[PDB]
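In: Only the shape, not the letters, is given here:
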Ligand SMILES: CCCCCCCCCCCCCCCC(=O)O[C@H](COC(=O)CCCCCCC[C@@H](C)CCCCCCCCC)COP(=O)(O)O[C@H]1[C@H](O)[C@H](O)[C@@H](O)[C@@H](O)[C@@H]1O
Ligand code: HEM
Ligand code: HEM
Ligand SMILES: CCCCCCCCCCCCCC(=O)O[C@H](COC(=O)CCCCCCCCCCC)COP(=O)(O)O
Ligand SMILES: CCCCCCCCCCCCC
Ligand SMILES: CCCCCCCCCCCCC
Ligand SMILES: CCCCCCCCCCCCC
Ligand SMILES: CCCCCCCCCCCCC
């Protein structure tokens, strides 16, 4: 009765939209991502370069 | 309004004549109790003051040409001649009070010179004016 | 709640009136990375009755 | 195209509304000037809601 | 593939009748029956943005020299808490966005509950049998306020630190055991070690757990009473008229759910909140002019401002002036919690009410509510009366006196006006039932009498003059557009006129539709009558 099965475009775009929303929500988790091969800021100290 | 459109010509022509006297008498007469030169406030605002009366007079004149003899404009008219409908008058509304409150908010906004207050007051006024006009148009609640 | 730092006056300590100069730690980078020294820096300084 | 709600008038020696003239002395009714009121309570579709408390 | 997943999920949980019951629950549709969802969605955002926020935050008071993203404040000695909170906004990618989302969500949460409580109060949804819900909810709002308070005190900046100084000195100045209690909470003199630790462990665990538990209990208890609704056509006190859980309610809940989520995501970016980099580390000597706690905590601070210097000296002991503030706030809480009991003592009516009541029909309660709202608002304004005084060019002493006097005459005027307006609304409601809708058709009769056309909502006797319909507890129409006498009768797009062929049928179909709807609604009414006479 929802008549959603007939609307291929609506449900297709809705899937994409929902996926993009989900990815938008979880995106700030990329603040945790750090490059292991980027030396820490400042000159090399007695503990090395951080790598 | 047969006579209403006509009586405005009186003030119109009067003020038009005074405005032209004013300009010529102020720029060419040295009195000793003032200086010589056209005055740019009593001239513009008296030329354009005649403009208002002319505008209203002409509009009412064009309007009154294409109106029939109304019972209110007829000298010997029976009370039963206007028997009918006098159009639509709003019985009640809360929106005049609201939009007065909105102009008050914008007023204090400008007084204190707070940008947020001016902005809010401006859009608080648009809303209330909109609701005033759409009062009798609000559709039956669709479920 | 009876005591503050001024109670040191009672037990024969000489406390001055220390004005806050809001001094911060100083960066000193040399051959072994960067370090904040905060030595030789005094944030409280003595004050005179003409100051 | 002419709106359904537009009053049924002869388009000959008569105009219902122009720039400056009209047929009423006042504002035209927003529910059709040719609408006859009042009507029967049935047409309004108002259902008086019987309620009992407690 | 789908027929078989259900088959082997039902064969082992016998859940066919249990699930069918849940998906067939009917919920009343009213815009004011959604305000509770806003609190729920904001709470979900808080606990989700909060968990992300704890991966970068160190709640330690240990002093360090700052070297980080914020190039100012480099070399400045601060706590470990302040340095990490300053790092989650200048060194974490999208950390300021999440921090601001968190704070905005906190604000919305408290306002999502306050407005909800107002809806519950005004409509009378706290009556029998719904008093556990009222008590649970009241505890929810107090704990929400407490949670918010200990949340913005975590960064340990200069602004929040003064709040803690105020709070500690409120506790310490309590009769008899305010000294021992203060030392038991902070673990010593203020500030102390294990002071940002006890607060951090009670803001991310103790309060959340308590709140979640109360919320879950609250919702389950609501689902058991299957809501309440306004009086209307066909709806009695032993039924619910609305929409089923699926497919209509569940989708609407999600739609509104993400709407709130998306709105909080907008403010988190476009609007600054709690700019802690401008405030500096906490120092007991430094203070600022605008030291207001937060909007939900303003009323407590406003109470402290308008309380006169009324100290009681008792020889070797003293009662501070702020003690009376505590007493007053305690009374306000007690009055709020035990409202259903006080309302039913003075009304003498406890009769298992399932039908709501419009605020206009309960003038005493409505007026008490507006009286209390003015009290709360005046306390809130007095709480930030130093920013009011400067920005609006008013004497600060005058503001204090306005707060002091206004707490007595403000509530009184609010009650009077509100009561009169409630009765006024009642009167306007009776004119329509007695005479009909005032149409704007001022006809002139042949004699010259100007008469307004009245549209009866009921049967007339002989010559107009409608038989007066009795009040029914529902909203009476007041305009002729509320009966669809202004409905646009031209189907099509903005430019598209739409073929008449398809335009005739659609108007006919909608006409038959609302006829059938009205018929079914009035049949429901009739059923109730002949059911209530047995
Ligand atoms: C559940 C479905 C999961 C689907 C995943 C899709 C989710 C979309 C959002 C993902 C988060 C954002 C993606 C990229 C975000 C980004 O741009 O980060 C850079 C990027 O990485 C690189 O370059 C190399 C490429 C690495 C790929 C990155 C994409 C992440 C995907 C592949 C991993 C998730 C999939 C796993 C499933 C998860 C389930 C859990 C098991 C790091 O360069 P960097 O230079 O270290 O920058 C530092 C500052 O970030 C930092 O603040 C610091 O302050 C700076 O110092 C600086 O170092
Ligand atoms: C944590 C914040 C709160 C949340 C998330 C919440 C959630 C809800 C929800 C989802 C409902 C279902 C009906 C509706 O939406 O109106 C509801 C109903 C209710 N809530 Fe709340 N609520 C909260 C706070 C409060 C407060 C503070 C009170 C009372 C002081 C309260 C008392 C009630 C009552 C009486 C109902 C029943 C309404 C009815 O059944 O007609 N709630 N709540
Ligand atoms: C229960 C509802 C909650 C409310 C009302 C609330 C309120 C707040 C507020 C107002 C702040 C200050 C944020 C700022 O500085 O801008 C804050 C900070 C914080 N909250 Fe919450 N919070 C809640 C729940 C949670 C939960 C469940 C967690 C953890 C699981 C959490 C973890 C944090 C953390 C880590 C901070 C860090 C301080 C900061 O980075 O500013 N909160 N909270
Ligand atoms: C509900 C109770 C709230 C408690 C407040 C207590 C009362 C004290 C209020 C002090 C007001 C200070 C005003 C002021 O100084 O103005 C300004 C300072 O604060 C503000 O900007 C007020 C922001 C308030 C939100 C307005 C947002 C407008 C966008 C609307 C889009 C939907 C100074 O003027 P300015 O910003 O330069 O234009
Ligand atoms: C009615 C008194 C008017 C004041 C004197 C009028 C002066 C006439 C100006 C004529 C100037 C000729 C250019
Ligand atoms: C050098 C004398 C020129 C005088 C011109 C007078 C004009 C005044 C009316 C202007 C109307 C503008 C709308
Ligand atoms: C034709 C027999 C197989 C289909 C019967 C329905 C399977 C059980 C559905 C239970 C639904 C619970 C979610
Ligand atoms: C907390 C006590 C409530 C008492 C409310 C009385 C309000 C008095 C207003 C004056 C009413 C004049 C008729």
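Out: The structure has been received and is ready for your questions. Numbering: from 1, shown residues only, chains lettered A, B, ... in the order given. Ligands and ions are numbered 1, 2, ... in the order given.
In: which residue ranges form the strands in chain E?
Out: E:26-27, E:64-65, E:77-78, E:243-244, E:312-314, E:317-319, E:437-444, E:450-455 (DSSP state E).
In: Give the other helices and strands that the longest one contacts.
Out: Counting by 3 or more CB pairs under 8 Å, 6 or more residues apart in numbering or on different chains; DSSP states H and E, the packing neighbours recorded for strand E:437-444 are strand B:84-85, strand E:450-455. The way it works is simple: take the backbone N, C-alpha and C, and place the C-beta from them, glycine included.
In: For the longest one, name the packing helices and strands.
Out: Spelled out, that is strand E:450-455. So strand E:450-455, by 3+ CB pairs under 8 Å, 6+ apart, packs with strand E:437-444.
In: What strands line up against the strand it packs on, and which way round?
Out: According to DSSP bridges, strand E:437-444 forms sheet pairs with strand B:84-85 (antiparallel), strand E:450-455 (antiparallel).
In: Out of the ones you listed, which gets nearest to ligand 6?
Out: strand B:84-85 (42.7 Å; CB to the nearest ligand atom).
In: now that closest one, how far from the centre of its chain.
Out: Centre-to-centre, strand B:84-85 and its host chain are 28 Å apart (CA atoms, centre = their mean, to the nearest Å).
In: contacting residues around the most centrally placed residue in chain E?
Out: With the centre of chain E defined as its mean C-alpha position, the nearest residue by CA atoms, centre = their mean is residue E:115, 2.4 Å away. By CB atoms under 8 Å, 6 or more residues apart in numbering or on different chains, the contact set of residue E:115 is E:35, E:38.
In: Chain E against chain B: which residues are in contact?
Out: E:29, E:391-393, E:438, E:440-448, E:450, E:452, E:479-484, E:486-488 (CB under 8 Å from any CB of the partner chain).
In: Any of those residues buried? List them.
Out: With burial judged by 16 or more other CB atoms under 10 Å in any protein chain shown, the buried subset of the residues of chain E next to chain B is E:438, E:440-444, E:479-483, E:486.
In: could I get these as CSV with distance to residue E:322?
Out: Below are those laid out as CSV (distance: CB to CB, whole Å):
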residue, distance to residue E:322
E:438, 57
E:440, 60
E:441, 65
E:442, 64
E:443, 69
E:444, 72
E:479, 54
E:480, 59
E:481, 57
E:482, 54
E:483, 59
E:486, 60
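In: Let me know the closest of the residues you listed to residue E:521.
Out: residue E:483 (14.6 Å; CB to CB).
In: Next, find the distance separating the closest one from ligand 2.
Out: 29 Å (CB to the nearest ligand atom, to the nearest Å).
In: That residue is in contact with residue D:46, isn't it?
Out: Yes: contact criterion CB atoms under 8 Å: residue E:483 and residue D:46 qualify, at 6.5 Å.
In: got any residues that touch both of the two?
Out: Common neighbours of residue E:483 and residue D:46 (CB under 8 Å, 6+ apart) are residue E:477.
In: Just give me the residue closest to the centre of chain D.
Out: residue D:32 (2.4 Å).
In: contacting residues for it?
Out: Taking CB under 8 Å, 6+ apart as the test, what residue D:32 contacts is D:5, D:7.
In: Helix, strand, or coil at it?
Out: coil (DSSP: H, G, I helix; E, B strand; the rest coil).
In: Next: residue C:32.
Out: coil.
In: what's near enough to touch it?
Out: Applying CB under 8 Å, 6+ apart, the residues near residue C:32 are A:43, A:45-46.
In: By proximity to ligand 4, which residue of chain C wins?
Out: residue C:22 (28.4 Å).
In: Where does that residue fall, secondary structure wise?
Out: Using DSSP states H and E, residue C:22 falls within no helix or strand.
In: tell me the contacts of it?
Out: Contacts of residue C:22 by CB under 8 Å, 6+ apart are residue C:43.
In: Please repeat the previous calculation with a cut-off of 10 Å.
Out: C:43, E:76 (CB atoms under 10 Å, 6 or more residues apart in numbering or on different chains).
In: go on, the one 5 residues further on?
Out: Applying CB under 10 Å, 6+ apart, we find residue C:27 in contact with A:42, C:34-37, E:65, E:67, E:74-75.
In: same question, residue B:31
Out: residue B:25.
In: what secondary structure does it sit in?
Out: coil.
In: now do the one 3 residues further on
Out: Here residue B:34 takes the coil state, with states given by three-state DSSP.
In: Ok, the one 3 residues further on next?
Out: The local conformation at residue B:37, judged by three-state DSSP, is coil.
In: Find me whatever residue is spatially closest to it, sequence neighbours aside.
Out: residue B:27 (5.8 Å; CB to CB, 6 or more residues apart in numbering or on different chains).
In: before we move on, what about residue E:335?
Out: Residue E:335 sits nearest to residue E:342 (CB to CB, 6+ apart), 7.6 Å away.
In: which residues sit in contact with the residue in chain B that chain E sits nearest to?
Out: Nearest to chain E in chain B, going by CB to the nearest CB, is residue B:140, at a distance of 3.6 Å. For residue B:140, the contact set (CB under 10 Å, 6+ apart) comprises D:45, E:477, E:481-487, E:514.
In: Same question for residue E:402.
Out: Contacts of residue E:402 by CB under 10 Å, 6+ apart are E:306, E:378, E:381-382, E:385, E:388, E:394-395, E:410.
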